[PDB]
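>>> missing the sequence, but the structure's below:
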Ligand SMILES: *[C@@H]1O[C@H](CO)[C@@H](O[C@@H]2O[C@H](CO)[C@@H](O[C@@H]3O[C@H](CO[C@H]4O[C@H](CO[C@H]5O[C@H](CO)[C@@H](O)[C@H](O)[C@@H]5O[C@H]5O[C@H](CO)[C@@H](O)[C@H](O)[C@@H]5O)[C@@H](O)[C@H](O[C@H]5O[C@H](CO)[C@@H](O)[C@H](O)[C@@H]5O)[C@@H]4O)[C@@H](O)[C@H](O[C@H]4O[C@H](CO)[C@@H](O)[C@H](O)[C@@H]4O)[C@@H]3O)[C@H](O)[C@H]2NC(C)=O)[C@H](O)[C@H]1NC(C)=O
Ligand SMILES: *[C@@H]1O[C@H](CO)[C@@H](O[C@@H]2O[C@H](CO)[C@@H](O[C@@H]3O[C@H](CO[C@H]4O[C@H](CO)[C@@H](O)[C@H](O)[C@@H]4O)[C@@H](O)[C@H](O[C@H]4O[C@H](CO)[C@@H](O)[C@H](O)[C@@H]4O)[C@@H]3O)[C@H](O)[C@H]2NC(C)=O)[C@H](O)[C@H]1NC(C)=O
Ligand SMILES: *[C@@H]1O[C@H](CO)[C@@H](O[C@@H]2O[C@H](CO)[C@@H](O[C@@H]3O[C@H](CO[C@H]4O[C@H](CO)[C@@H](O)[C@H](O)[C@@H]4O)[C@@H](O)[C@H](O[C@H]4O[C@H](CO)[C@@H](O)[C@H](O)[C@@H]4O)[C@@H]3O)[C@H](O)[C@H]2NC(C)=O)[C@H](O)[C@H]1NC(C)=O
Ligand SMILES: *[C@@H]1O[C@H](CO)[C@@H](O)[C@H](O)[C@H]1NC(C)=O
Ligand SMILES: *[C@@H]1O[C@H](CO)[C@@H](O)[C@H](O)[C@H]1NC(C)=O
Ligand SMILES: *[C@@H]1O[C@H](CO)[C@@H](O)[C@H](O)[C@H]1NC(C)=O
């Protein structure tokens, strides 16, 4: 009736991945390669079909099923769903290359035409930060907003092997001048000190 | 004529509940089509059944006819064909250059072959020869192949089969 | 009235045999992807809708009767007998029926072709000296072209006669083109003969014989065959329908009219309530 | 019928007594009649339909292609059997329910009459299924009535005096 | 070889009806049931419905009841899924997948979808990508409020190819997508010259080249 799932797993090639699904009520695991039709990875909660490497495995406890991936390599990087009819939430499996780095934060104010749109969307940017588990806090005169700003991260680049995030907070015009001056704060693993970059119009 | 398993054909035609006949384009090369006889007088002249095509020799030869029709629609097709049994061997060779033809009607799953015989039979409406009526059901997505070297009373098309609440009754009410 | 089913077939107390991709006749003849079903036994043979044929395009006149009697026998135990085919080539095969990497055929049938440039009138016999019926499955090959007929069988028109002390069965093979199935326009026709105990089988053929390799040991019992896509399960139930196993505590069911075991009777009504209390007159 | 109302507060049994005297209202259930009815009901279907019969090999009941006479005959046989068994089930359930209802009504009437016969002349049937007893009848008296050993003779004089003055 | 071959991508208008087809190959259509599963672009798989070939019984989601119809043409081994009363939100890739059970049970209760088609991009929408500049190092273009996802962003189409990062689109409560594309520039080159970003959007058929 409902299936739950870890949302995203980032890892290098060559190690184990354990994904869990929790079926309230036969659970099957499917993989969708990027830009390709989904593929059946296991049926019956533990059975691999033809053509699936024996490194994939499934384990069933009383209510929680778990998919374990071994010898991870390139083609394993895909999205993984559990199915029981209802689907799971999805689990992005990104490749990860290990290279510590430090974010660079920029703030881009909403454009004047964007102001004329009637909606104000303020964006802050982190470039080349290695721990993707970093967090971004929208500072509107020491007021914190959860669920109002959307974030998006760039995949690893083989040029530099690090992540870039963009966080955009949208709000009405009266909310744009609600607080005089804005800022974006970064809590980071690679960077110990959280860094707040402030800005305003005028 | 004569229908082996007449009751079954009558039952299934009654169950289909329609006589809607779709004529198909059959290409009979090297034979004379639309044979007829004066025992079956349609109009003022000789004739035949309107849903059957009597193929005879053309000139002085009768090639091994080998035709096909696929069932590309999603309903069953009923094909009614026949085999002509002549009275005399002279008639057999005069109508069909082969000394003994045969008729094989087949689908992907089944086949049905008839060896026509030549012999005198009781006089009915001036004739001692007979027709034997057979049928074939081509299910959707199947193909019909007719391979005959003589004595074929070919179909002109197919009867659109149906399923429903239809039947037949014998009554003078 | 039991109107619901668990959706799965209980695998006890009945010896279930799930036929994966295999029909009863395909498992009988020895289709390559059915090789795992050799010598199997069952109490109920469950036949999946996904079963397919992947061999020489054949045809079974009276297919329902053969399927029924094989299901009733309840076993696929095949005893190979020693047949002596003199003057013919044995173990014919084709690339339409690929067993392993190369060409092949049904594992329970022997395709006898001409040897050198002759095909003698084969005349072989096997007596039934045991006290059980023997089932012999043989065939007749219908080629597509007369050239193929004479190239495989020196006779211009063979025939196959299989006989016992009490009955005989003769087939005149024909030559003609047929619908293209797996690359072939030729066919096999599958016939069977039952040799009762103390009887003899005589096979006299002058061409177009797909001979047997042995006999299937016939039995009598509580065996049958069912068409169902229900998945097998590890569970206890005495009554099996195509919809799965159902409990037989109630006397009637409205699930399916096809049943197996100690099953309730099928009725058209989905519900019939039997009073187990008194007339109900409540307060107010 | 003449009870006109069931007792949802009765959970001890199916049929029982509610008494009211000088001491106070009390309620009890009669175990014998309830047990008799339950015993007569507990089976009631194994005694006609012994069990489910066991069928192993049967005819085909689902067909892919169209054969003709034989498939028609098989369909007819299956349809006839199904219709006959549906009628058997319908009639059996209707008859058993009717007989069960009549049985429980008869058991209630039998309990009422048994109680009335215990109270030969000491009580009068008020007509609503409830007896007015015309003498001192304490809780021991009531449980003797319920027991079935009510001694009507020793209250006969007092009861007759209360009735006929 | 078992194969499901789906229709081509369809571009419709809201309120119309569309018909997608699925041609099977390597097996017989009536041996297997067929599920239809939609996936909005980057919004995870969503079970649409199930057709039981060989008996024609359907099963749709309550969300799709009445406005989706599934049929089978058994003659051509084809199955059709038509969606009526198309909405803008119905833009998604639709897959036909093969399920096992057709006789006795509804297959999708007990069996998986072991063979999938390539899917068809049924896009019933159109929306223009609004372009905004991004200047304060780094500089970029913000693409906002376009429904159909496929949009490419270049910078003079041959100038800037390294240092540009295209954050994949993100959802919005309005149902429209938005992304950004930022490139690092040497701090001297940002002031001497500016670059132009080319945003190409095929479904809305709009190509906007904008600077900074
Ligand atoms: C236990 O399992 C069994 C087996 O799986 C279940 O039985 C099935 O149950 C469903 C649910 O009720 C039935 O569907 C209902 O059908 C009626 C109309 O049915 C009539 O047609 C049926 C199907 O006919 C197809 O198949 C037969 C056999 O192959 C063929 O002869 C037909 O011509 C037809 O084939 C056509 O379709 C194919 C696929 O598209 C094409 O390939 C082909 O070319 C043709 O176009 C038929 O089965 C049915 O019943 C007969 O047979 C049953 C035996 O099961 C018998 O009991 C009956 O008395 C009949 O003799 C009829 O002939 C339909 O009106 C119902 O509609 C409801 O649902 C739809 C949406 O789904 C709504 O629009 C309706 O308003 C309504 O709500 C429903 O679809 C199914 O027929 C039935 N039998 C089979 C064989 O599947 C059983 O339910 C299970 N029980 C439990 C408790 O689990
Ligand atoms: C093998 O043996 C069988 C039987 O022994 C033969 O079959 C008979 O063949 C003859 C000749 O072909 C048939 O004769 C024809 O019979 C017709 C039916 O006649 C009946 O009905 C008419 C009324 O219409 C009555 O008058 C008559 O008495 C019968 O009761 C006739 O109508 C035919 O008449 C035509 O031809 C004659 C020929 O001279 C003319 O005089 C007439 O005017 C008319 O033109 C004709 O007489 C007979 O019917 C066949 N019987 C059966 C049962 O089939 C086979 O021929 C034979 N074959 C071989 C190879 O040996
Ligand atoms: C009597 O008449 C019947 C019908 O009129 C003839 O039967 C046909 O005969 C031809 C030739 O023998 C057969 O052709 C073969 O068909 C195969 C099936 O093709 C279908 O499926 C494929 C997918 O596998 C599709 O691509 C195709 O469009 C069809 O839908 C083909 O697979 C065969 O291909 C092989 O040979 C050709 C020859 O060039 C090569 O190009 C191929 O690469 C491959 O090697 C072949 O085309 C046809 O199937 C028969 N039809 C039926 C219904 O049986 C009889 O031959 C004819 N007989 C006489 C004596 O006249
Ligand atoms: C019968 O109907 C078919 C198709 O509907 C048509 O082709 C044919 O001509 C009709 N026959 C007559 C006699 O009207
Ligand atoms: C089947 O059993 C028979 C006799 O029990 C034996 O001769 C034969 O080899 C067996 N077949 C297989 C495949 O084991
Ligand atoms: C009821 O009567 C029986 C037999 O007459 C006696 O044994 C019992 O003690 C009485 N009282 C009860 C059961 O309270």
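Looks like it arrived, so ask away. Numbers count the residues shown, from 1 in each chain, chains lettered A, B, ... in the order given. Ligands and ions are numbered 1, 2, ... in the order given.

>>> neighbouring contacts of the host helix or strand of residue E:4?
Counting by DSSP states H and E, the element that carries residue E:4 is strand E:3-6. Applying C-beta atoms under 8 Å, 6 or more residues apart in numbering or on different chains, the external contacts of strand E:3-6 come out as E:20-26, E:94-98, E:115-120. No exception for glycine: its C-beta is placed from N, CA and C like everyone else's.

>>> ok, now which ones touch the closest residue to chain E within chain D?
Nearest residue of chain D to chain E, counting by C-beta to the nearest C-beta: residue D:62, 8.4 Å away. Counting by C-beta under 8 Å, 6+ apart, residue D:62 makes contact with C:227, C:258.

>>> now it: which helix or strand?
Applying DSSP H and E, one finds residue D:62 in no helix or strand.

>>> from chain B, how far out is it?
Distance of residue D:62 to chain B, given as C-beta to the nearest C-beta, to the nearest Å: 15 Å.

>>> ok, now residue E:29?
As judged by C-beta to the nearest C-beta, residue E:29 and chain B stand 8 Å apart.

>>> and the nearest residue in space to that residue that is not next to it in sequence, how many residues sit next to it?
Distances taken as C-beta to C-beta, 6 or more residues apart in numbering or on different chains place residue E:77 nearest to residue E:29, at 4.7 Å, with adjacent residues excluded. Each residue near residue E:77 was counted by other C-beta atoms under 10 Å in any protein chain shown, and the total is 18.

>>> repeat for the one 4 residues further on
Neighbour count for residue E:81, taken as other C-beta under 10 Å: 25.

>>> hmm, back to that, select only the buried ones of the contacts of strand E:3-6 in ChimeraX?
A single ChimeraX command suffices to select whichever of the contacts of strand E:3-6 are buried according to 16 or more other C-beta atoms under 10 Å in any protein chain shown:
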select /E:20,21,22,23,24,94,95,96,97,98,115,116,117,119,120
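
>>> pick out the residue nearest the middle of chain D.
In chain D, the centroid-proximal residue (C-alpha atoms, centre = their mean) is residue D:104; its distance is 2.1 Å.

>>> give me phi/psi at that residue?
With angles defined as degrees, to the nearest 10, residue D:104 sits at phi -70, psi -40.

>>> show me what contacts it?
C:277, C:278, C:279, D:14, D:37.

>>> the fourth one - nearest residue in space that isn't next to it in sequence?
Once its chain neighbours are removed from consideration, residue D:14 has its nearest residue in residue D:34; the separation is 3.9 Å (C-beta to C-beta, 6+ apart).

>>> can you check the second one too?
Counting by C-beta to C-beta, 6+ apart, the nearest residue to residue C:278 once its immediate chain neighbours are dropped is residue D:104, at 4.0 Å.

>>> secondary structure element holding residue 156?
You didn't pick a chain, so chain A it is. Following DSSP H and E, there is no helix or strand that holds residue A:156.

>>> sorry, I should have been clearer: chain D.
Following DSSP H and E, one finds residue D:156 within helix D:156-164.

>>> what residues sit buried inside that helix?
Applying 16+ other C-beta under 10 Å to helix D:156-164 flags D:159, D:162 as buried.

>>> how far is that helix from where the chain is centred?
In terms of C-alpha atoms, centre = their mean, to the nearest Å, the centre of helix D:156-164 is set 35 Å apart from its chain centre.

>>> just give me the residue right at the centre of chain B.
For chain B, the residue nearest the mean C-alpha position is residue B:81 (1.9 Å; C-alpha atoms, centre = their mean).

>>> what's near enough to touch it?
Shown in contact with residue B:81 (C-beta under 8 Å, 6+ apart): B:52, B:103, B:105, B:133, B:134, B:135, B:136, B:146, B:152, B:153, B:154, B:155.

>>> kindly report the same for residue B:164.
So residue B:164 contacts B:15, B:16, B:17 (C-beta under 8 Å, 6+ apart).

>>> in ChimeraX, how would I select the buried members of those?
Applying 16+ other C-beta under 10 Å to the contacts of residue B:164 leaves a buried subset, and the ChimeraX line that selects it is:
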select /B:15,16
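
>>> which stretch of helix or strand covers the residue of chain D found nearest ligand 4?
Closest residue of chain D to ligand 4, C-beta to the nearest ligand atom: residue D:66 (22.5 Å). Assessed by DSSP H and E, residue D:66 sits outside every helix and strand.

>>> residue D:108 too?
Using DSSP H and E, residue D:108 sits within helix D:69-118.

>>> check whether that helix contacts ligand 1.
No. Counting by C-beta under 6 Å from any ligand atom, ligand 1 has no neighbours in helix D:69-118; the shortest distance is 8.1 Å.

>>> coming back round to it: can you get me a residue count around the residue of chain D closest to ligand 4?
Residue D:66 has 18 neighbours, counted by other C-beta under 10 Å.

>>> and the residue nearest to residue E:29, how far from residue D:64?
17 Å (C-beta to C-beta, to the nearest Å).

>>> and what of residue B:51?
Separation of residue B:51 from residue D:64 (C-beta to C-beta): 27 Å.
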